[PDB]
Amino acid sequence: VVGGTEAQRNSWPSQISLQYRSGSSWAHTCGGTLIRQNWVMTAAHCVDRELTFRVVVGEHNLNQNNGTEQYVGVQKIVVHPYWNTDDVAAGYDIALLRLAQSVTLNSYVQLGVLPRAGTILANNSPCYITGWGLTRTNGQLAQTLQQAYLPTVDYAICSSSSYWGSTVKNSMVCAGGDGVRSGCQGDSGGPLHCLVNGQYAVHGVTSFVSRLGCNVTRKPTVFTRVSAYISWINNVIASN
Ligand SMILES: *C(=O)[C@@H](CC)[C@@H](CNS(=O)(=O)c1ccc([N+](=O)[O-])cc1)C(=O)O
Ligand SMILES: [Ca+2]
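Just so we're aligned: the sequence shown equals residues 11 to 250 in mature numbering (1 follows the signal peptide of the UniProt record, and there is no 0).
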C-alpha cells in the first residue's frame, strides 16, 4: 500500500497473508480474505506460479512474532475457470483456497463479510485497501499491515478514456487514483473493505495497478468485484 497508515491489529481480522516457500523460509506474495474457517478468497494471478503456498491468519507484522498468528497449508486451489494469466484485463481474477485445517476465530481472525450479489457501490463510496504490499512504486513490502482510504470510482468514470478505458470491466471495482494512495505489488488478492449501512464488507479482491506505477493519478487500483462472483464462490464451497 502506498500512502498508507499502519492498521490497528484488530481492525481487519479477515485479512490473511498468502506466502510461498522460499528455501528455508516463507515469503509473503499476496493478501487474501478469510471467508470460511477453511477457505480463503484471493486473486487468481497470485497463484499463477507453481509454488508451495501457506496462509497466515492473525498476522500483523511479517518480520516479528505477534503472538497471534495461525499458519496453515493450502490443500486445494480453485481458480475461476475463465481466468487467463495473459489477460488480467479480461477479469475473472479470483481464486479460492481450501485450507488444510480450519482456523480458530478470535479478535484477530474473523470471516470477511461479503456483499449481497449484484451490489454496485455509488461513485466515491468509502473504502479502505489493506495489505503488506510495496509502500512505494518499485519499493519494498511493508513490515506492518497497512491501510489506505480509497474512495470508489464508478464504472462510467473508471472506464473513461483518461482513466482505464476498455481495460476496466463492470465485473471490477475501481478505487483511489489520487496519485498519493494506492495498492501496490504484494497487496494483490487482499480485500477492499467498504462501509455500507454501518458495516464494512469486502467488495473487492485487489487485482492490478498501472504498469507506470502504483500511485498514478487517474489510474485507480483495480479490484475484482466480489458481488459479481457470489454464486461462483458458493458453488465452489458447496462442491468442495
Ligand atoms: C497486485 O499485487 C498487483 C498490484 C495491486 C500487481 C500484481 N500482483 S503481484 O505483484 O502480487 C503478483 C503475484 C503473483 C504472481 N504470480 O504468481 O505470477 C504475479 C504477480 C500488479 O498489478 O502489478
Ligand atoms: Ca508476525
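Heads up, the beta-carbon is just placed ideally off N, CA and C, and yes, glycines get one too.
- Task: Tell me where the alpha helix (DSSP H) around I243 begins and ends.
- Result: Counting along the chain, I243 sits inside the alpha helix (DSSP H) bounded by residues 240-249.
- Sequence ranges, beta strand (DSSP E) only - wholly within the region 138-206, length at least 3: Counting only runs of 3 or more, we get 156-159, 182-185, 201-206.
- Task: Label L109 either buried or exposed according to how many other C-beta atoms from any shown protein chain fall within 10 Å of its C-beta, with 16 as the threshold for buried.
- Result: Flag for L109 reads buried.
- Task: Can you check DSSP and say which residues form a bridge with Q25?
- Result: Per DSSP, the beta bridge partners of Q25 are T43.
- Closer than 8 angstroms: is that where the CB of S32 sits relative to any heavy atom of ligand 1? No, Cβ of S32 sits at least 8 angstroms from all heavy atoms of ligand 1.
- Message: With a threshold of 8 angstroms on Cβ separation, who are the neighbours of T15 within its own chain once the five nearest residues in sequence on each side are excluded?
- Response: For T15, the CB contacts under 8 angstroms within the same chain, skipping 5 residues up- and downstream, are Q156, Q157, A158 in chain order.
- Message: Could you check whether the Cβ of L106 sits closer than 8 angstroms to any heavy atom belonging to ligand 1?
- Response: Every heavy atom of ligand 1 is 8 angstroms or more from the Cβ of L106, so no.
- Is the region 133-146 touching the region 86-99 in the sense that three or more CB pairs, one from each, lie closer than 8 angstroms? Of all C-beta pairs linking the region 86-99 to the region 133-146, fewer than three are shorter than 8 angstroms, placing the two stretches out of contact.
- Item | Closer than 8 angstroms: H38 CB and nearest ligand 2 heavy atom | Flag unset: Cβ of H38 not near ligand 2.
- Item | Neighbourhood of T227 by C-beta distance below 6 angstroms, restricted to the same chain and skipping five residues each side | The answer, listed in chain order, is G189.
- the region 128-142 / the region 175-193 touching (three or more Cβ pairs under 8 angstroms): Yes: at least three Cβ pairs fall under 8 angstroms.
- Express the C-alpha separation of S34 and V163 in angstroms, rounding to a whole number. Going from the Cα of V163 to the Cα of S34 covers about 42 angstroms.
- Taking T62 and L28 to be in contact with their CB atoms under 8 angstroms, please state how far apart those CB atoms are, rounded to whole angstroms. Not really, about 12 angstroms apart at Cβ, beyond 8 angstroms.
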